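First up is the structure itself, then whatever we jot down about it.
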Amino acid sequence: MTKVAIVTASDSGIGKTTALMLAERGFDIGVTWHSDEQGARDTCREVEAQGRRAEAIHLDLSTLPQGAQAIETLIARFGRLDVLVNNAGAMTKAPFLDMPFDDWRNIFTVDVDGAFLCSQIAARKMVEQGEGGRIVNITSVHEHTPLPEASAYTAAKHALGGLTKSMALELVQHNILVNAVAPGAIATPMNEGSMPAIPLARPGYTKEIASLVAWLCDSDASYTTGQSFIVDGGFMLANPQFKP
Amino acid sequence: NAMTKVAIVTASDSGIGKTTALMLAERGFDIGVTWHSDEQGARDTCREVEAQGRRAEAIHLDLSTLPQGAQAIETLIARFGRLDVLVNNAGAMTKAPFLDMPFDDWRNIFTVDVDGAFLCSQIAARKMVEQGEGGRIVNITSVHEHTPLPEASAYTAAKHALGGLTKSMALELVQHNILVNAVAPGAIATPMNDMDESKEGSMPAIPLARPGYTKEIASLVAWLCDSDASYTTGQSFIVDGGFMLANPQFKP
Amino acid sequence: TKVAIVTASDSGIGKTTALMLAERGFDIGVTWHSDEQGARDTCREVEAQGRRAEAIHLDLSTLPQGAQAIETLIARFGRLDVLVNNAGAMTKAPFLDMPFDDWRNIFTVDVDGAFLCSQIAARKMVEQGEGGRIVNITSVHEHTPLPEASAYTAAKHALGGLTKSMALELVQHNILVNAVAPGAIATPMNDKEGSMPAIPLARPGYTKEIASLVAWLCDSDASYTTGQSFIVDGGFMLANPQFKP
Amino acid sequence: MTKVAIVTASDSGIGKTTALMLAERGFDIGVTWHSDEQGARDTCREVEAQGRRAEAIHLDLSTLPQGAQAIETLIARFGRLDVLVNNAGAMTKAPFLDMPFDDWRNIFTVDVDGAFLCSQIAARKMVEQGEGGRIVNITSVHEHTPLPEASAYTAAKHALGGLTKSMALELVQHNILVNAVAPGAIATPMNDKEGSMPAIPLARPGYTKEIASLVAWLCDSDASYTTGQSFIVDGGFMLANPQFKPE
């Protein structure tokens with residue numbers, strides 16, 4: 001009866017803050033971790049401390065399609081699925097001229113291939129239930145504008161943005177709404193005026209991004225699909241004419 | 001214990017503005033209501049806003065005759081003594097073929113659809129700057145901020161202009177912690193169908209196959225006005241049911 | 001012989017465009033705001049290439065009267081096939097205190113003028129039944145804000161939206177409508193490598209680098225291009241807060 | 001020295017018309033073919049019929065990264081390289097829910113992995129010469145808007161759109177300008193009529209010359225201020241939203 005949300009990489013950072021906020025809104029949370037399992041255990045306890053069920057599982061998206069079957073197992077532990085938040089990994093810089101081909105392919109494996117497989121498994125279950133669903137892909141401002149010395153990261157983020165539009169169009173008949181949240185600079189887990197290149201002059205806290213993800217998963221977002229919501233402190237506004 | 005933040009929502013006598021005012025009042029905002037000619041509808045919004053324990057002040061705003069009509073924003077600010085949120089809600093769309101459009105009709109559409117938002121935003125931003133406590137401005141545009149509406153070239157151009165104004169205001173007021181964003185809605189249900197709840201399949205050209213309820217737009221506007229949206233500025237959030245996805249390859 | 005009217009072709013992008021359209025075989029309608037003898041320089045250089053050239057005074061600062069010169073210039077040629085709406089000068093003004101008449105005057109010359117000129121030009125092209133081309137010179141600030149110039153940015157966005165509407169409403173008449181969005185343009189004196197390190201190409205653009213694309217959008221190979229904004233900016237749109245010159 | 005331009009998949013279609021127009025503008029043409037080797041010879045002959053040298057070689061993008069080494073061989077025949085055009089392959093449809101993971105990865109191989117490796121090879125040589133360069137990627141309108149039942153093709157076109165912006169930014173100090181041309185519906189080689197696609201505003205698909213001409217312009221000397229952009233040539237495809245009523 002209680003709706004279920006699976007938030008990948010919810011052991012720390014933006015994923016964990018999203019899992020907490022989806023638990024506040026009343027979702028049972030399926031937590032996923034790559035290595036920091038204790039961080040996932042902390043997230044599960046904080047979700048249970050809210051009076052909601054929390055399940056954790058290991059999922060390694062660097063090896064596909066095998067590493068994506070953990071979504072199937074997590075769904076069976078709950079018996080239903082309503083929300084999938086595909087969270088974004090870390091960014092790696094690599095100059096374009098000398099980038100190894102396998103490094104280029106590995107970034108696509110982590111930054112779009114995993115989300116594609118996890119969304120397929122999620123979308124199938126949501127089609128069976130016939131009650132709709134929400135799939136939110138965490139991209140980046142670099143879904144739209146290039147990041148210097150990070151051509152593969154920029155291209156994979158653009159690919160995930162294109163997958164978001166496609167998924168939203170093909171699943172609209174099943175009332176499965178698919179959107180992307182495009183964060184700008186995200187403050188480190190340890191963390192005013194520290195980043196003057198950004199118009200807001202600081203990185204964003206995880207709750208300033210996780211809150212919009214939570215809104216997209218709730219009842220009132222029932223007319224929003226196919227879109228990429230940019231939460232970036234004005235990042236997209238700063239062109240060469242902008243002097244801080 | 002902090003002083004009650006006040007929000008002004010223009011054209012909040014019905015439709016998106018009415019629903020936004022209610023949801024902002026639900027979030028603890030005192031509401032400044034505005035009506036163009038439906039004075040009774042604005043009193044109904046005030047009654048419902050007051051029903052939640054919030055103060056409601058209404059006033060007549062005639063954005064067709066500027067810059068005089070924009071002074072009503074000053075009057076609402078005087079009643080509350082402060083201002084924290086401004087929502088520039090959109091007037092109705094009128095069609096006119098591009099080839100046969102009088103130059104005064106073209107100018108009038110810009111008067112109501114971007115000039116009014118510009119003048120109201122100035123007064124509001126000036127107040128927020130004087131307070132030094134930041135603020136929020138949300139411009140309600142349209143999907144036609146981004147894609148043309150046939151037989152509505154002035155509407156489309158003015159919506160694009162308000163989109164550009166939104167980005168400029170966001171860049172120019174960011175040091176005052178005044179965040180400025182647009183909400184770009186698709187097809188909205190008329191008040192007869194909006195209150196009736198459930199019209200599925202009535203607009204198959206749109207992927208979601210129906211118009212949106214005012215609640216489905218106002219909820220995002222209200223989110224942009226509250227504390228969690230403190231890192232969102234300069235953006236245009238499209239709430240359209242897939243309208244933007246539908247190209248010539250789309251089959252209803 | 002086809003006729004191309006180019007506004008503000010007494011200097012700058014408008015003149016280089018007018019000359020390039022003349023090499024492509026167009027008769028050129030030249031327009032001047034104040035520099036009449038500069039317009040005659042354009043007419044003379046167009047005539048040196050075998051084309052007919054005419055000039056007329058156009059002032060879009062006062063509408064709808066100032067736009068009637070287009071109608072008069074059309075009557076001298078009898079036909080019209082190409083209209084290029086050039087972009088006037090940019091003036092800054094802070095948003096909080098900008099006077100309302102300054103806001104309205106920027107919309108008058110930067111989108112209202114293009115509206116009336118395009119309306120007249122499109123009317124003539126419909127009657128001929130042979131299609132046509134309308135090219136609006138916008139700016140990168142059709143898409144991204146210019147600091148301290150909110151009215152300039154809003155009007156450039158507006159002309160961008162008008163371009164799409166005109167393209168969609170006129171497509172059945174084979175009138176293709178597009179925009180060209182220039183970045184920084186060198187002054188006629190410089191028309192340098194490293195003078196603008198904020199821009200990725202590190203320099204402004206020459207008028208031939210903008211006008212060449214405008215001329216392409218006016219010829220027969222651009223017969224499938226409509227409703228678009230072509231950005232020629234040396235990478236201006238690429239430079240975000242992560243770009244370090 | 002005669003400037004050299006490599007046009008991938010120039011054995012037919014847009015790549016063929018782009019090669020002939022680049023030859024008309026004075027380029028020596030390096031021709032690439034996946035399977036129609038006779039088409040590449042026809043392209044080589046038509047290029048030579050305009051007073052230009054043409055060289056052909058097999059390029060198998062279905063097997064990387066050694067398959068892209070044919071670009072290094074093609075450069076060695078000319079000794080220099082000035083422009084590279086990464087032309088698109090064919091489009092295949094596959095529903096999202098049941099699409100196999102290998103078909104998804106294969107589409108990315110042919111539609112962005114190939115252009116990535118070819119652009120690395122071309123860009124390095126352009127840096128050696130120090131005389132600037134041009135790279136033009138043929139994407140699609142579906143770099144920007146979804147194609148129904150083709151999520152992998154859409155995602156890969158977006159990816160190539162992102163690579164275009166990244167390349168243009170990192171290569172700009174070497175005067176290597178990188179742009180994309182995003183075509184809409186293109187006519188088949190037999191038809192390359194009016195009113196055949198009323199859903200499109202121009203009510204017809206585009207001719208290959210209508211797309212190749214802009215590609216050729218982006219490669220010539222007057223496009224020296226244009227980089228990082230995606231030029232959409234679609235007959236108003238992008239303008240058509242649910243409010244468009246075909247006349």
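Residues are named by chain letter and number: chains run A, B, ... in the order of the structure tokens, numbers start at 1 in each chain, and ligands are numbered from 1 in the order shown.
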DSSP on the backbone: which residues in region 139-229 of chain D end up as strand (DSSP E or B)? Give the answer as number ranges by chain.
D: 150, 176-183, 186, 206
Counting only C-alpha atoms, collect the residues of chain C whose closest atom lies at most 6 Å from chain D, and write them out as a PyMOL selection string.
chain C and resi 209+221+224-227+232+234-235
Contacts of residue 35 (chain D) at 10 Å (only C-alpha atoms; same-chain gap of 6+ positions) as a ChimeraX atom specification
/D:9,11,58-60
How about saving the chosen residues, C-alpha atoms kept, as a compact mmCIF listing (two decimals), in the first residue's frame?
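Just written: selection_1.txt:
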```
# COMPACT_ATOMS: atom_id res chain seq x y z
CA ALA D 9 30.41 7.54 -45.30
CA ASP D 11 29.91 6.64 -50.72
CA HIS D 58 37.40 1.01 -45.81
CA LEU D 59 36.18 2.23 -42.41
CA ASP D 60 34.48 -0.36 -40.17
```
Å distance separating CA of residue 20 (chain C) from CA of residue 165 (chain C), one decimal place:
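Those two atoms sit 27.3 Å apart.
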Neighbouring residues of residue 166 (chain A) were defined as those with any atom within 12 Å, considering only C-alpha atoms; residues of the same chain fewer than 6 positions away were excluded. Please report them as an MDAnalysis selection string.
(chainID A and resid 116 119 159:160 172 177:180 225:227) or (chainID B and resid 242 244:246 250) or (chainID D and resid 94:97 142:158)
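When the distance limit is 7 Å and only C-alpha atoms are what count, the residues near residue 61 (chain A), minus those fewer than 3 positions from it on the same chain, are residues 64, 67, 68, 110 and 114 of chain A.
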Could you name the residues that touch residue 50 (chain D) at 12 Å or less, counting only C-alpha atoms, but leaving out those on the same chain fewer than 3 positions away, as number ranges by chain?
D: 19-29, 43-47, 53-54
Near-region 73-89 of chain A list (6 Å; only C-alpha atoms; drop same-chain fewer than 2 positions) as a PyMOL selection string
chain A and resi 3-8+70-71+115+133-138
Those selected residues, please, written with C-alpha atoms and delivered as a compact mmCIF listing (two decimals), in the first residue's frame.
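Saved to out_30.txt:
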```
# COMPACT_ATOMS: atom_id res chain seq x y z
CA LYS A 3 4.58 3.75 -2.24
CA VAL A 4 8.21 2.72 -2.78
CA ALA A 5 11.15 4.82 -4.02
CA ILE A 6 14.54 3.41 -5.06
CA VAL A 7 17.33 5.99 -4.80
CA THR A 8 20.65 4.82 -6.21
CA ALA A 70 20.15 -5.69 -7.96
CA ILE A 71 17.25 -3.40 -8.89
CA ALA A 115 20.64 4.56 -15.65
CA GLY A 133 5.38 6.01 -11.84
CA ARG A 134 8.14 8.58 -11.62
CA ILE A 135 11.69 8.25 -12.93
CA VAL A 136 14.12 11.10 -12.16
CA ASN A 137 17.59 11.10 -13.70
CA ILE A 138 20.25 13.23 -11.99
```
Chain A contacts on chain C, only C-alpha atoms, 9 Å, as a compact mmCIF listing (two decimals) with N, CA and C atoms, in the first residue's frame:
```
# COMPACT_ATOMS: atom_id res chain seq x y z
N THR C 144 21.18 34.42 -24.10
CA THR C 144 21.88 34.51 -22.82
C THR C 144 21.93 35.98 -22.42
N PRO C 145 21.82 36.29 -21.13
CA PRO C 145 21.62 37.69 -20.73
C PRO C 145 22.90 38.51 -20.85
N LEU C 146 22.73 39.80 -21.15
CA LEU C 146 23.85 40.74 -21.16
C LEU C 146 23.78 41.60 -19.91
N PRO C 147 24.80 41.58 -19.05
CA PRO C 147 24.74 42.37 -17.81
C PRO C 147 24.51 43.85 -18.07
N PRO C 197 40.15 38.03 -24.35
CA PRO C 197 40.42 36.67 -23.85
C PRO C 197 39.21 36.00 -23.22
N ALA C 198 38.19 36.76 -22.81
CA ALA C 198 36.99 36.13 -22.25
C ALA C 198 36.27 35.26 -23.27
N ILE C 199 36.30 35.66 -24.54
CA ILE C 199 35.71 34.89 -25.64
C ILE C 199 36.70 33.80 -26.04
N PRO C 200 36.25 32.56 -26.24
CA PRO C 200 37.21 31.47 -26.54
C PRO C 200 38.11 31.74 -27.73
N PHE C 236 31.35 32.09 -27.81
CA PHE C 236 30.81 32.84 -26.68
C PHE C 236 29.87 31.99 -25.83
N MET C 237 28.93 31.28 -26.47
CA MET C 237 27.96 30.45 -25.76
C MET C 237 28.61 29.30 -25.00
N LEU C 238 29.83 28.90 -25.36
CA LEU C 238 30.49 27.79 -24.67
C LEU C 238 31.08 28.20 -23.32
N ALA C 239 31.42 29.47 -23.14
CA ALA C 239 32.16 29.91 -21.96
C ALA C 239 31.21 30.04 -20.77
N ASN C 240 31.31 29.11 -19.84
CA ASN C 240 30.53 29.11 -18.61
C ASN C 240 31.47 29.40 -17.44
N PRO C 241 30.99 29.45 -16.17
CA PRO C 241 31.90 29.71 -15.03
C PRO C 241 33.10 28.79 -14.92
N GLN C 242 33.09 27.63 -15.58
CA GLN C 242 34.23 26.72 -15.57
C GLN C 242 35.27 27.06 -16.62
N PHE C 243 34.99 28.01 -17.52
CA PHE C 243 35.95 28.41 -18.54
C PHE C 243 36.94 29.41 -17.94
N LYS C 244 38.22 29.08 -18.02
CA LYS C 244 39.29 29.95 -17.50
C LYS C 244 40.21 30.33 -18.65
```
Quick check for you: according to DSSP on this backbone, which residues of region 51-237 of chain A are classed as alpha helix (DSSP H)? Reply as a VMD selection string.
chain A and resid 70 to 78 101 to 108 114 to 129 151 to 170 206 to 216
For a quick test of understanding: name the residues of chain B lying within 8 Å of chain C when counting only C-alpha atoms, and present them as number ranges by chain.
B: 67, 97-99, 103, 119, 122, 125-126, 145-154, 156-165, 167-169, 171-172
Show me, as an MDAnalysis selection string, every residue of chain B with an atom at most 6 Å from chain D, counting only C-alpha atoms.
chainID B and resid 205:206 246:248
Given a cut-off of 8 Å, which residues of chain B touch chain A, counting only C-alpha atoms, written out as a VMD selection string?
chain B and resid 167 170 to 171 174 to 175 177 207 to 208 212 215 to 217 219 to 220 228 to 235 237 to 242 244 to 245
By how many Å are CA of residue 35 (chain A) and CA of residue 92 (chain A) apart?
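Atom-to-atom, CA of residue 35 (chain A) to CA of residue 92 (chain A), that is 18.3 Å.
In this comparison, which uses only C-alpha atoms, the residue of B:62, B:26, B:50, B:84 approaching residue 225 (chain B) most closely is B:84.
Comparing the minimum interatomic distances between residue 219 (chain C) and each of C:54, C:23, C:10, C:41, counting only C-alpha atoms, we find that C:23 sits nearest.
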Report the distance between CA of residue 150 (chain A) and CA of residue 60 (chain A) in Å, rounded to one decimal place.
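Rounded to one decimal, the two atoms are 22.8 Å apart.
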